[PDB]
Amino acid sequence: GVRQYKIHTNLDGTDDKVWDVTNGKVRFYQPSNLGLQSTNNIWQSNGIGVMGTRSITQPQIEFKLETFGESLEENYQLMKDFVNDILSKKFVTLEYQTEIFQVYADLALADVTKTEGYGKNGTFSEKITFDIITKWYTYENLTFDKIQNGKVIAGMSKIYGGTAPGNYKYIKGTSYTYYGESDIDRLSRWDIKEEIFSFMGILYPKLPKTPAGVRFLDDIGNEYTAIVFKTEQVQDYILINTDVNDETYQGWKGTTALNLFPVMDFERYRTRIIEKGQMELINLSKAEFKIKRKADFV
Amino acid sequence: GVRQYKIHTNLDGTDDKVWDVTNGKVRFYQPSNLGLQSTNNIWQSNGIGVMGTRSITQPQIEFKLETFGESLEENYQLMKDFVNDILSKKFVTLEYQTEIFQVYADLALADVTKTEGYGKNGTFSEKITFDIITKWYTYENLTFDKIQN
Amino acid sequence: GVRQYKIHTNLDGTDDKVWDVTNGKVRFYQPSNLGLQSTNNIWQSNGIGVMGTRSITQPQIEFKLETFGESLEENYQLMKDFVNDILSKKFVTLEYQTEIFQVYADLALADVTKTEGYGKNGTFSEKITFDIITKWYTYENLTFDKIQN
Amino acid sequence: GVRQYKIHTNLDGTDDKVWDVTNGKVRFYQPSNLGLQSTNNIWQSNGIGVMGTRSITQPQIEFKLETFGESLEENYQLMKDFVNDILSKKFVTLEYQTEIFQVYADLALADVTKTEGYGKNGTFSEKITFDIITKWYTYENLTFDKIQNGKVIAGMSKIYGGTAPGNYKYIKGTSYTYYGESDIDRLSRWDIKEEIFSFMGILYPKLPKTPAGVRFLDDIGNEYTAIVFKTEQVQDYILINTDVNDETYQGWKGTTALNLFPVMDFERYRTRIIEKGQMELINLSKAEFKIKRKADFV
Ligand SMILES: [Sr+2]
Ligand SMILES: [Sr+2]
Ligand SMILES: [Sr+2]
Ligand SMILES: [Sr+2]
Numbered sequence: 001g002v003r004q005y006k007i008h009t010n011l012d013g014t015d016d017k018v019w020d021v022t023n024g025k026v027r028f029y030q031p032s033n034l035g036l037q038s039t040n041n042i043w044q045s046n047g048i049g050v051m052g053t054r055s056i057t058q059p060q061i062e063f064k065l066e067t068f069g070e071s072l073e074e075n076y077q078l079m080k081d082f083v084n085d086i087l088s089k090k091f092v093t094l095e096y097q098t099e100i101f102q103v104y105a106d107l108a109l110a111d112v113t114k115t116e117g118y119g120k121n122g123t124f125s126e127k128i129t130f131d132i133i134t135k136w137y138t139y140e141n142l143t144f145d146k147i148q149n150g151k152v153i154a155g156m157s158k159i160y161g162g163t164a165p166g167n168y169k170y171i172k173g174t175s176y177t178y179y180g181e182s183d184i185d186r187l188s189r190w191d192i193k194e195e196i197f198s199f200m201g202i203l204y205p206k207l208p209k210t211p212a213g214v215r216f217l218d219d220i221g222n223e224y225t226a227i228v229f230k231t232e233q234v235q236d237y238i239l240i241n242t243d244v245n246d247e248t249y250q251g252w253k254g255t256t257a258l259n260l261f262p263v264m265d266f267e268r269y270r271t272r273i274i275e276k277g278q279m280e281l282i283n284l285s286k287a288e289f290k291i292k293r294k295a296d297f298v
Numbered sequence: 001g002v003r004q005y006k007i008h009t010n011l012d013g014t015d016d017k018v019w020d021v022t023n024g025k026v027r028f029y030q031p032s033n034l035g036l037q038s039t040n041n042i043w044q045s046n047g048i049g050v051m052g053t054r055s056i057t058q059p060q061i062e063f064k065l066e067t068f069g070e071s072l073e074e075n076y077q078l079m080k081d082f083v084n085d086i087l088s089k090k091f092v093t094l095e096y097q098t099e100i101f102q103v104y105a106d107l108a109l110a111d112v113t114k115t116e117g118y119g120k121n122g123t124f125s126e127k128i129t130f131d132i133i134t135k136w137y138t139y140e141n142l143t144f145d146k147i148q149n
Numbered sequence: 001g002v003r004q005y006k007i008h009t010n011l012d013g014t015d016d017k018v019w020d021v022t023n024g025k026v027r028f029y030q031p032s033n034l035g036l037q038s039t040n041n042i043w044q045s046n047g048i049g050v051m052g053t054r055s056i057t058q059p060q061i062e063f064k065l066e067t068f069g070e071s072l073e074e075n076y077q078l079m080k081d082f083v084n085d086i087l088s089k090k091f092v093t094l095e096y097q098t099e100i101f102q103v104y105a106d107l108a109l110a111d112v113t114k115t116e117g118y119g120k121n122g123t124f125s126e127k128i129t130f131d132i133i134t135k136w137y138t139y140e141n142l143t144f145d146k147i148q149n
Numbered sequence: 001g002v003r004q005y006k007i008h009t010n011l012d013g014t015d016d017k018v019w020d021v022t023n024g025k026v027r028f029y030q031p032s033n034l035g036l037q038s039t040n041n042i043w044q045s046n047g048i049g050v051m052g053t054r055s056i057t058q059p060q061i062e063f064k065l066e067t068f069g070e071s072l073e074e075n076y077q078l079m080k081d082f083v084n085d086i087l088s089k090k091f092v093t094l095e096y097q098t099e100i101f102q103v104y105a106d107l108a109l110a111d112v113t114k115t116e117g118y119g120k121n122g123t124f125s126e127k128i129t130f131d132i133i134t135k136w137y138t139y140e141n142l143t144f145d146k147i148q149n150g151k152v153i154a155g156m157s158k159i160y161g162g163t164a165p166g167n168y169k170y171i172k173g174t175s176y177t178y179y180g181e182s183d184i185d186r187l188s189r190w191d192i193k194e195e196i197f198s199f200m201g202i203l204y205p206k207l208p209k210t211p212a213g214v215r216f217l218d219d220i221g222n223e224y225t226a227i228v229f230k231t232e233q234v235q236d237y238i239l240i241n242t243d244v245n246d247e248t249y250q251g252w253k254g255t256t257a258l259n260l261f262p263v264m265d266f267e268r269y270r271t272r273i274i275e276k277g278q279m280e281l282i283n284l285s286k287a288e289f290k291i292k293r294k295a296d297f298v
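Chains as they are written, first to last, in PDB author numbering: chain X, 1 to 298; chain W, 1 to 149; chain X', 1 to 149; chain S, 1 to 298. A prime marks a further copy of an entry chain.
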């Protein structure tokens, strides 16, 4: 029903800490602006209008930060904890949640205030300002799709059935339509339907010393970018993050984390921006993905 | 009788989508300025005035955008839809309609606001600013004339 | 957690109709006074104080009655229904509910207002006044007790 | 969709001039109070509350009266016309109309203002106050109800049918149910379902010198009130109005109007307030009724 605001230390991460700015002790209220500003570069000659390029500018969000402590002691620990947790991580993910959507925004701390105007049991009413890194991005799970064989029908499919030594008739429209492929279980598509910017991936390699990772194909089946690593031993899994702020390329074997960046194919990794088409898995047994697409206004 | 404000995605186009900002769920109210500004380049020599060329400058129109949803869910879907539709097309055609005229102005999204100051059933009252591409033009059918004996 | 206000037509009765003035379409907000006034009859002779009898006086409760309808049609049916239901029964039971208590108060309709200051989709913001018959009474179940050997 | 306010000089009368205070040149805006006040007579003994009788009091309605003339001459011409039309009739009828209801009020002019603060073309913005006579009453057309014969069914109805000499069977539940009544066209009920206060009936009498007029039956088929007149000649129609303020009891014959007050039965006419039951026509060929019924809050 009502709106939910959550503050994450490091999202897409095991060491995540979540703060309920809607329900918890530290609450965010009255956001300054959740919209957008755009500068379209429209210059007009003799009444006729010429339009340039629109550079969508995102404005700082200022929240009325309130604390709900029981004692002056509690209210002071509440501010010290919340503000330092935001400082410990270089950037904080603000989740906007409603009946229709669940968007996220990466914010850096711009300004926080601390004053001595306390109400009852030392409660704070302050203003917290944030700088926009990226406004509104959907964090969704990206899974492969499977292809299934169509059922066999007499007269409709290619079979030599009924009376010996079999028959199949050429009809007009109904004629003969192939049933399905022998072992259709080999076809798997990882469909990229809309343009994506950054992603979290867990790749399970098959063979050691063979380039392991992912490649990206466009609508015409041409490779544009590929994150591939040539390791010495079989990594249990490779943890790859395409996010610009905290790029991660680490191979995992047991409890040991290895920096896979120098082993990577620098030539094949041409771009981070994934286009419409499909993703192919190179030398992988299994793969788990978390896709994050941007949305200007939500 | 009264004034009508339509918002077209692509006027003259097969993929046109029309928003009634005078009757529909998403409404435009109190336009900032519908007039014009002009810079005449008047230079004066010894008290005598000489006039150059008038550059008619068009100013940004700011509307008091209101949403008429039945639930918090409706009002959010109206903001998530109306604003993105204006963003999907590089420019949007605003139609001014009255008893005497039906002019059109090509707008580009300059600024839109979203705040948590809601009324009843999550009602929205925000300010939407547009940049002027071309102010007031008549979109009309052009046909040949026949000559009779 | 939060406070619940309910309006009953006839409580302790089969023909009861309940209105959620906290959650429903017709809502009660900002009660004027939920406390009490007392006149103790204290007259003082030469600095010494003599106290009579305290006649605890109960004051009228005035609520900011708001409607949450989807259309002008709905908002008008909402007021016509709620006010006539209060009129049909000679007195209405107002239930005060919280984490700690569930009290009830018998009220007669003192004053209700209807004005043409409608917001969005014809929503009402009016003041409803009630006269106190009996303020705060606990409605509990009275059962016998058994004796064991 | 939107609300319609209308002012009537003489509702229920031929000389009814209607002023559209929602659409017309003279407009009513911002009604002060359309609600109600009540005095419940609550006396309290030892903390326990005893409730008396509720006197529902109606408050004055004050409208922001605006004029929409084209010249100073037209605006002065509206103020003079609108206010004198209200003064010509002892009381004026308001019409509160919406998508769901159409209620009426009987107002009396309490206060009207005339000032020299003219807007554009001699525009007027003045406050008009009204005193409440009757607040919210429905004005509806009351008609009799007709009774129709039920259809004849084999085995279900009382008939001697099929194989000779006719047979009707006693069954359990289905048995024999009578079809209808011979000459069921004689049965006509003028139904009264809710308590009514005043009415404007046009009575068409049959026989001269025989008491002609309506009588009212309660739920047990007894008489409480009756408006009955004994005329010397056949009146073409008797016009009866039960309105307290302007009671009319006139017998029209041709173009001549006759006062029927002294000819009326004073003992039979016990009350004006009509109760739940039915109306009976005494010595009447035809009847046309308009029933007005009160509603405290609408
Ligand atoms: Sr991260
Ligand atoms: Sr176009
Ligand atoms: Sr009772
Ligand atoms: Sr009359």
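A virtual CB, placed ideally from N, CA and C, is assigned to each residue, including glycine.
Given residue i as reference, the closest of the options once Cα atoms are compared
i	options	result
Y96 of chain X	X:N75, X:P205, X:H8, X:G254	X:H8
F124 of chain X'	X':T93, X':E66, X':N41	X':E66
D131 of chain S	S:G69, S:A108, S:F229	S:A108
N259 of chain X	X:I240, X:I273, X:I274	X:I240
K209 of chain S	S:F297, S:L284, S:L36	S:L284
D185 of chain S	S:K135, S:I147, S:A110	S:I147
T143 of chain X	X:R54, X:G254, X:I273, X:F289	X:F289
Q60 of chain X'	X':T134, X':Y139, X':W19	X':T134
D16 of chain S	S:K286, S:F91, S:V298	S:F91
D296 of chain S	S:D183, S:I56, S:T98	S:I56
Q278 of chain X	X:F261, X:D236, X:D246, X:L217	X:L217
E126 of chain X'	S:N10, S:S32, S:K286	S:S32
Element boundaries [beta strand (DSSP E), containing residue i]
i	result
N84 of chain X'	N84 of chain X' -> not in any beta strand (DSSP E); alpha helix (DSSP H) instead, spanning 72 to 88.
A110 of chain X	102 to 112
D243 of chain X	No beta strand (DSSP E) contains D243 of chain X, which DSSP labels as neither H nor E.
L34 of chain W	No beta strand (DSSP E) holds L34 of chain W; DSSP gives it neither H nor E.
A295 of chain S	That residue, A295 of chain S, is in no beta strand (DSSP E); it is neither H nor E in DSSP.
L207 of chain X	Neither: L207 of chain X is in no beta strand (DSSP E) and is coded neither H nor E.
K64 of chain X'	61 to 67
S55 of chain W	55 to 57
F229 of chain X	223 to 229
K193 of chain S	Premise fails: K193 of chain S is in no beta strand (DSSP E) and is neither H nor E.
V50 of chain X	48 to 51
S45 of chain X	42 to 45
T248 of chain X	248 to 253
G213 of chain S	213 to 218
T93 of chain W	92 to 97
DSSP state of residue i mapped onto helix, strand, coil
i	result
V2 of chain S	coil
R186 of chain X	helix
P262 of chain X	helix
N141 of chain X	strand
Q278 of chain S	strand
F124 of chain X	coil
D131 of chain X'	strand
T115 of chain W	coil
* Asked: Does the segment 56 to 70 of chain S come within contact of the segment 26 to 42 of chain S, defined as at least 3 CB pairs closer than 8 Å?
  -> yes
* Asked: Hey, is the segment 218 to 231 of chain X in contact with the segment 262 to 274 of chain X, meaning 3+ C-beta pairs nearer than 8 Å?
  -> yes
* Count the CB pairs spanning the segment 153 to 169 of chain X and the segment 109 to 120 of chain X that are closer than 8 Å, and state whether there are at least three. => no
* Would you call the segment 69 to 85 of chain X' and the segment 29 to 49 of chain X' touching, i.e. three or more CB-CB distances under 8 Å? -> no
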